[PDB]
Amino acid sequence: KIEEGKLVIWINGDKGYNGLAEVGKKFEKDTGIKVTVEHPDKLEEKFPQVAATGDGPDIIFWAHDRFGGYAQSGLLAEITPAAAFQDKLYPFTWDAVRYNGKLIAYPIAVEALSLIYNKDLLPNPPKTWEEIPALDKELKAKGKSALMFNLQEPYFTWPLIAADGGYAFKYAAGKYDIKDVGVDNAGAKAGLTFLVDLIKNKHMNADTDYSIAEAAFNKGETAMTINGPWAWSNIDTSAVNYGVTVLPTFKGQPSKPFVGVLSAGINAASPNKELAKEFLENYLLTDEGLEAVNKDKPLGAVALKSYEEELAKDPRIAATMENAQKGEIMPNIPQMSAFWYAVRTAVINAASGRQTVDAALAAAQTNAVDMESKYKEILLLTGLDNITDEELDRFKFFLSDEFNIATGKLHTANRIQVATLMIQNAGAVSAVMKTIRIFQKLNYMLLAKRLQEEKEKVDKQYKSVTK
């Protein structure tokens, strides 16, 4: 369904898509091939929907965190740049777009949130979050506010939640442990409570979103905002003289923004892959190409070594990198989707007074991992990992109905692969129930009960945070 001979590109509306079009135009006059740049709303949700059915754009732009989910769903084409090209970019940017050992996208630029302040309202920005209430009290007397930023997206509140100990998934022994979520520890509670207190004490508003915060700062109504490099262009256009600096500390600890790598993935169902690779490697990822995008809306610290050498002289880029080095790279695991939705809900509910901080974060911890992932853990860790290889052979025998080239493929499959195939075939609930029935057929009554009990535990947890 994807038209061959042209390039369709999806990029978020807050990025420099006009500049990217200019790169596309130059790419056209050099090979006669049309390049269309679109910025549909909720593209990071639309893409896994429309690309699963073989459609969608040829190239999708987003921060790297979404791409692992896409890759697990087989939506992305593996990219293979020559080592000569790989040397052109910083190694850590390639690290961000690597999933299960394979490169699943081209890294473009490194983004981190910074504290943006109005130099005319506030010559010396605060070093701590704790100073902010007093600063607000002072500025309110002048008819201004201290700080306004997007409270509707958890990306912006995360640096504060993570400052004193909050985290997404524990990284240990070279992998993210999805059984170890840190959105409900003492550090997370402390961070979110402080934000909620700012609202209760009338220093912020719960309903503040991106557009409200941007307008307020760019009109000189608020002394500070929190935003990324993509926002600098609009501030340049405004009458506000601004500085970009390190985020305030909380409890003596640096704010820890999630570091995003803007990345370009290629649709696995695209007939223009080779064209897409050519566009990215030879037109976009060049000094001239990146400059075109960057002049529309700043990219931050770009992945291209040669161009970044120039951009790094910018004090705003230095501030971006300082904040990034105090932060954490976003995990790209498929569970990141569930994580973000959960924390988004937690922050919104707590800020609005709908839930207490404790109840909101308790719910977020349970919801940070999707049911299918948890059910897969039951099937694999509690079920298959508790039986021998010979017992696994007896198990696979009962999987002959769900024909899956069981002649040789199923006989070769390891435990993870067996679990994946059952869930892919019947859905998570049916896969776990079938595993239980097979264990009961093999007379593993004890093991089957343990699976039932674990399933009951998971279901009860989800139930206790819904109403």
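All residue numbers are counted from 1 along the displayed sequence.
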Open item on the list: Per the record, averaged over C-alpha atoms, which has the higher B-factor: 417-425 or 38-46?
Closed with: 38-46
Task: 264-272 or 214-222, whichever carries the higher mean Cα B-factor - done: 264-272
Open item on the list: Looking at the C-alpha B-factor values in the deposited entry, which of 78, 131, 111, 377 comes out highest?
Closed with: 78
- [ ] Could you check 458, 451, 23, 445 and tell me which one carries the biggest Cα B-factor in the deposited entry?
- [x] 23
TODO: Please place residue 254 in the lowest, middle or highest third of its chain by C-alpha B factor as given in the entry.
DONE: lowest
- [ ] Pull the Cα B-factor of residue 227 out of the PDB entry and bin it into the chain's lowest, middle or highest third.
- [x] lowest
TODO: Sorting the chain's modelled residues by C-alpha B-factor, tell me whether residue 243 ends up in the lowest, middle or highest third.
DONE: middle
Open item on the list: What third of the chain does residue 60 rank in for C-alpha temperature factor, lowest, middle or highest?
Closed with: middle
- [ ] Tell me, lowest, middle or highest third: where does the Cα B factor of residue 439 rank within its chain?
- [x] lowest
